[PDB]
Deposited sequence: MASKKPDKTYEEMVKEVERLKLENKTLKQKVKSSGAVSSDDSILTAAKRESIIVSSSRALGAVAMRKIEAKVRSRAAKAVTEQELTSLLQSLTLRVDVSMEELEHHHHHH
């Protein structure tokens, strides 16, 4: 829970959810700065999951290519459907 966006965001989300639970045992309006901060960081974490899924898929699909023109063509013809979810963020 210390280096990548996935790790950092996942830990922040866990602490926020644990905090909330701790509060019910004993909320605040969102600043625009904080909303922006959460949006950008969360998006980056999701974007990280998408990045690794995309590279994995491209590699698999490009596997059959042997020549440059072959690889180049296959890539440009590609359209990938990628699913990313916050619960998929890796802890470490």
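K.L.:
Go through the deposited sequence from residue 1 and tell me which stretches lack C-alpha coordinates, in order.
P.N.:
No C-alpha coordinates exist for 1-5, 32-40, 107-110.
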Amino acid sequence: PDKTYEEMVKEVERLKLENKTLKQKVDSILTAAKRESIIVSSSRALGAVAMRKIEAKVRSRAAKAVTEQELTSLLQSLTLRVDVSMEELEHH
From here on, numbers count along this sequence of modelled residues.
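K.L.:
Between 56-64 and 29-37, which has the higher average C-alpha B-factor in the PDB entry?
P.N.:
Higher of the two, by average CA B-factor, is 29-37.
K.L.:
Comparing 1-9 with 83-91, which has the greater mean CA B-factor as deposited?
P.N.:
Higher mean C-alpha B-factor in the PDB entry: 1-9.
K.L.:
What third of its chain, lowest, middle or highest, does the C-alpha temperature factor of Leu78 fall into?
P.N.:
Highest third, going by the recorded CA B-factors of the chain.
K.L.:
Compared with the other modelled residues in the chain, in which third is the CA B-factor of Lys16?
P.N.:
Answer is middle: the recorded C-alpha B-factor places it there.
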